[PDB]
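Asks:
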Ligand SMILES: Nc1ncnc2c1ncn2[C@@H]1O[C@H](COP(=O)(O)O)[C@@H](O)[C@H]1O
Ligand SMILES: Nc1ncnc2c1ncn2[C@@H]1O[C@H](COP(=O)(O)O)[C@@H](O)[C@H]1O
Ligand code: MOO
Ligand code: MOO
Ligand SMILES: [Mg+2]
Ligand SMILES: [Mg+2]
């Protein structure tokens with residue numbers, strides 16, 4: 015019972031539930047989705063503020079020479095002083111406008127007159143300004159009680175700046191899921207192994223997945239290598255489910271071998287929604303939901324053992340699940356359209372997620388700017404070098420035809436689009 | 015002496031030098047740029063490995079019933095057993111191929127014959143296979159001594175997987191720069207302040223920059239609020255320069271006020287390359303290089324105080340500097356072309372970095388897929404709400420003309436393109 019990827023994703027989305035919100039500190043809120051609206055407790059600026067370094071004037075006075083009656087840069091500077099017609103006040107950018115002044119003339123349109131500090135301060139205003147010029151009225155950037163951030167908004171640097179503006183240092187957010195990761199196989203040895211014994215390989219999926227989960231900003235619970243023994247894998251899965259994690263990722267032990275126990279163990283512990291997906295690479299992907307005994316849900320992905328299939332299934336299915344649990348309203352990956360830089364043979368049986376290195380060009384080959392893709396070469400699921408530098412997965416339909424250079428395909432972007440190397 | 019942004023970026027790039035490489039552990043290498051090539055010490059697979067769960071056969075035998083002479087899943091399974099013509103061996107995916115077998119027939123093309131474990135094991139091979147089918151020969155994924163990663167390559171999840179495959183757990187990389195951050199101003203109060211006194215605002219730039227630097231994966235040295243006092247700012251800058259940081263970010267104290275000491279202090283401590291940039295927002299941006307006394316270079320950015328200008332200058336100038344110091348060969352931000360969803364008035368004096376929310380659409384308005392942009396509204400440099408959710412900066416030339424909806428502009432992508440919300 016092999017299901018299409020679109021259905022497998024819908025099933026995963028339907029089962030995945032946003033985590034309960036928590037309260038975190040300002041810097042812990044970075045990267046998280048807001049679980050409450052944020053309202054400004056005071057206006058910005060809270061006082062009428064100068065846009066410029068210069069002089070606060072009565073605009074109707076016009077060009078002329080005037081005494082400087084106060085200097086206003088911050089705090090109580092100029093408190094109680096009224097700028098009346100025929101006077102001016104020195105101001106710096108962000109300085110409070112003294113009462114009575116209704117415009118600011120930038121310092122470049124003024125000239126200091128008389129002996130610097132050996133006579134009372136006088137300045138020549140060189141222009142005719144207009145009422146309100148270069149003054150930020152109270153609340154013109156942010157009004158008191160305005161909503162500056164809303165529930166469901168992801169917190170980036172400017173949102174941290176808005177929380178700080180509003181004096182919020184404890185924030186209600188959706189947390190990231192905690193993810194347990196294990197590898198399976200009698201053939202595996204730790205990546206610290208030197209000379210390999212006959213029939214041994216280094217466990218590469220576990221470190222790869224730990225890294226992938228770290229890129230998604232989740233806490234990792236590293237459960238190590240598990241051997242192809244049903245009782246042993248049951249014990250580790252039972253320990254993982256009762257530990258408080260939200261997602262368990264296993265790799266391997268999910269194909270057709272007589273010692274592949276992931277599927278029967280997930281069927282016994284919880285509910286397996288699927289164990290076969292019509293995709294290349296990634297056919298053995300298994301997804302299950304387990305209820306931890308009181314009491315919460317744990318999502319389990321029995322990822323394929325083949326290194327490419329493992330990472331592709333992580334990118335397509337686990338990344339949107341992490342985002343959904345973390346409260347993202349748009350957990351789907353970015354899909355763009357792009358032109359192939361070389362010919363690519365699609366698979367005749369399953370739609371292929373072909374690894375590519377994509378870049379934006381001024382000419383994508385059709386005379387207009389656009390993304391272009393180069394294949395990473397041989398796409399065998401055992402060839403982790405096919406994932407090297409791959410920032411996208413080309414979605415090739417199961418036609419079996421050769422897609423020529425210059426033809427357009429849909430591509431899933433799997434790595435930070437703002438970290439893309441330019442053409 | 016106001017210089018174009020293109021020149022200001024060239025000056026910064028010319029002064030910025032990659033940091034000395036360091037040795038880090040496997041998981042610390044994630045996100046860093048490799049400073050050495052990585053070669054596979056053994057092949058992958060190191061033994062001829064089955065692609066399938068099934069039976070290792072002599073392909074020339076063809077369809078028929080055969081005794082199963084061994085079972086090979088991992089390690090020393092089947093060591094010393096030779097599959098001769100007229101025999102087969104059970105194998106699981108990744109299991110070593112016994113000597114003498116030259117093809118694998120997947121279990122779906124076989125049938126077990128006789129009483130399960132109450133008679134010696136026999137299997138019917140249902141197809142005529144071909145020599146080499148479903149076997150991974152030694153080194154077919156990675157050859158012994160092949161270079162699997164090269165100097166200058168950024169380490170993502172698949173690169174961590176390749177390091178683990180190759181048994182590398184200590185990696186030579188370029189480190190991230192350490193960044194000191196301070197705010198300036200007599201008007202500032204901490205973001206924990208409740209009711210604000212007259213002429214006070216909360217310091218929002220510092221937390222915003224700490225967050226921005228944390229998104230760039232750099233260590234932050236938070237030097238707090240500094241008042242508009244030359245001796246005090248000199249002391250903090252001198253302490254920052256001798257602390258071992260690589261970059262200092264200040265904000266404010268760089269306009270035309272009589273208590274703006276950042277520029278004269280940077281001129282005194284080191285070499286100021288520029289202090290005026292032809293851009294909107296961000297005109298007061300100052301850049302300097304200071305030599306810390308023995314002995315290393317410290318880059319200083321006197322960022323503008325206006326919150327928008329501060330973050331825009333961070334995105335345009337500081338992000339590529341961090342990347343250059345961290346050894347990125349492509350530190351420039353991603354620039355794409357896109358269509359405007361609404362009309363935008365460009366500035367008549369300076370090229371504007373207009374904040375936008377961009378998304379990829381199936382129809383960008385011209386009948387072909389592409390990025391589209393919505394303005395974040397009023398672009399005043401004091402209005403941090405104009406940065407809210409902005410994932411790009413539209414590069415508008417200094418024409419002063421109204422760019423109509425549907426016209427195309429260049430846009431700098433400033434936030435993870437793989438975290439873009441879909442249309
Ligand atoms: N942690 C791992 N690291 C590298 N390769 C793996 C890992 N787990 C399984 N494999 C390989 O992936 C393939 C499928 O594994 P399995 O699903 O257990 O049969 C076999 O060739 C395994 O040797
Ligand atoms: N850390 C900060 N947070 C928020 N606003 C700031 C900060 N530093 C300076 N400003 C404002 O930015 C503008 C320019 O500051 P300056 O360059 O010091 O004149 C003034 O309106 C300041 O009040
Ligand atoms: O069975 Mo796969 O789709 O090569 O991991
Ligand atoms: O002087 Mo600006 O360019 O509004 O920070
Ligand atoms: Mg296995
Ligand atoms: Mg200031």
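Residue numbers (the entry's author numbering), protein chains in the order written: chain A, 15 to 308, 314 to 442; chain A', 15 to 308, 314 to 442. A prime marks a further copy of an entry chain.
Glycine is no exception: its CB is placed at the ideal position from the N, C-alpha and C atoms.
#1: Looking at the secondary structure, which residues open and close the beta strand (DSSP E) in which residue 205 of chain A' lies?
#2: Check distances from the C-beta atoms of the stretch 221-237 of chain A' to those of chain A and list, in chain order, the residues that come in under 7 Å.
#3: Check for me: the beta strand (DSSP E) holding residue 192 of chain A' runs from which residue to which?
#4: Indicate the three-state DSSP secondary structure (helix, strand or coil) for residue 230 of chain A in the structure shown.
#5: I'd like to confirm something about residue 94 of chain A: is its beta-carbon nearer than 7 Å to some heavy atom of ligand 2, or not?
#6: What residue from A'/189, A'/137 and A'/128 has the CA that sits closest to residue 39 of chain A''s CA?
#7: Hey, which residues come within less than 7 Å of ligand 6, measuring from Cβ to any heavy atom, in chain order?
#8: Could one say the Cβ of residue 70 of chain A' lies closer than 8 Å to chain A's Cβ atoms, at least one of them?
#9: If you run the structure through DSSP and keep just helix, strand and coil, what is residue 360 of chain A'?
#10: Check the Cβ-Cβ distances between residue 355 of chain A' and every residue of chain A, and say whether any is below 8 Å.
#11: Secondary structure at residue 155 of chain A', three-state DSSP: helix, strand or coil?
#12: In terms of residues, what are the limits of the alpha helix (DSSP H) holding residue 341 of chain A'?
#13: Beta-carbon within less than 6 Å of residue 372 of chain A''s beta-carbon, same chain only, minus the 5 sequence neighbours each way: which residues are those?
#14: Would you decide whether residue 312 of chain A is buried or exposed? Buried here means 16 or more other CB atoms lie within 10 Å of its CB.
#15: For residue 181 of chain A', count neighbouring Cβ atoms within 10 angstroms of its own Cβ and tell me buried if that reaches 16, exposed if not.
#16: Can we count residue 217 of chain A as close to ligand 1, meaning its CB is less than 7 Å from some heavy atom?
#17: Please confirm if residue 398 of chain A' has its CB atom under 8 Å from at least one CB of chain A.
#18: Hey, residue 148 of chain A' and residue 64 of chain A' are a contact pair by Cβ (cut 8 Å); roughly how many whole angstroms apart?
#19: Grouping DSSP H, G and I as helix and E and B as strand, with all else coil, what is residue 406 of chain A?
#20: Can you give me the C-alpha to C-alpha distance between residue 254 of chain A and residue 245 of chain A', rounded to a whole angstrom?
#21: Got a sec, what are the start and stop residues for the alpha helix (DSSP H) residue 117 of chain A sits in?
#22: Are the CB atoms of residue 288 of chain A' and residue 275 of chain A' nearer to each other than 8 Å?
#23: Per DSSP, residue 376 of chain A' forms a beta bridge with which residues?
#24: Does the Cβ of residue 298 of chain A lie closer than 7 Å to at least one heavy atom of ligand 3?
#25: Less than 7 Å between C-beta atoms, sequence neighbours within five positions excluded: which residues of the same chain meet that for residue 15 of chain A?
#26: Can you pull the chain A neighbours of residue 351 of chain A', defined as C-beta to C-beta under 9 Å?
#27: Let me know the secondary structure DSSP gives residue 353 of chain A once reduced to three states.
#28: Please confirm if residue 406 of chain A has its CB atom under 8 Å from at least one CB of chain A'.
#29: Whole angstroms is fine: what's the gap from residue 43 of chain A's alpha carbon to residue 323 of chain A's?
#30: Please list the segments of the beta strand (DSSP E) lying wholly inside the stretch 276-306 of chain A', counting only runs of 3 or more residues, in order along the chain.
#31: Please list the terminal residues of the continuous alpha helix (DSSP H) segment that includes residue 328 of chain A.
#32: For the beta strand (DSSP E) containing residue 430 of chain A', list its first residue and its last residue.
#33: On a Cα-Cα basis, can you pick out the residue from A'/420, A'/375 and A'/385 that is closest to residue 407 of chain A'?
#34: Any C-beta of chain A' sitting closer than 8 Å to the C-beta of residue 156 of chain A?
#35: To the nearest angstrom, report how far apart residue 399 of chain A' and residue 295 of chain A' are at their CA atoms.
#36: So does residue 63 of chain A' have its beta carbon nearer than 7 Å to some heavy atom of ligand 1?
Replies: In short, the structure shows the following:
#1: It is not in any beta strand (DSSP E) - residue 205 of chain A' carries neither H nor E in the DSSP assignment.
#2: Answer set for the stretch 221-237 of chain A': 221, 222, 224, 225, 226, 228 and 229.
#3: 192-198
#4: coil
#5: no
#6: A'/189
#7: A/106, A/107, A/108, A'/198, A'/199, A'/201, A'/242, A'/266, A'/267, A'/271, A'/274 and A'/324
#8: no
#9: coil
#10: yes
#11: coil
#12: 338-344
#13: 331 and 412
#14: Any structural detail on residue 312 of chain A is unavailable, because chain A resumes at 314 straight after 308.
#15: buried
#16: yes
#17: no
#18: 6 Å
#19: Residue 406 of chain A carries a helical assignment under DSSP once its states are collapsed to helix, strand and coil.
#20: 58 Å
#21: Here residue 117 of chain A belongs to no alpha helix (DSSP H); instead the beta strand (DSSP E) covers 117-120.
#22: no
#23: In DSSP, residue 376 of chain A' forms a bridge with A'/393.
#24: yes
#25: 290
#26: 440 and 441
#27: coil
#28: yes
#29: Distance between the alpha carbons of residue 43 of chain A and residue 323 of chain A is about 34 Å.
#30: 285-288 and 300-306
#31: That run of the alpha helix (DSSP H) goes 326-332.
#32: 427-432
#33: A'/375
#34: yes
#35: In a straight line, the C-alpha of residue 399 of chain A' is about 8 Å away from that of residue 295 of chain A'.
#36: yes
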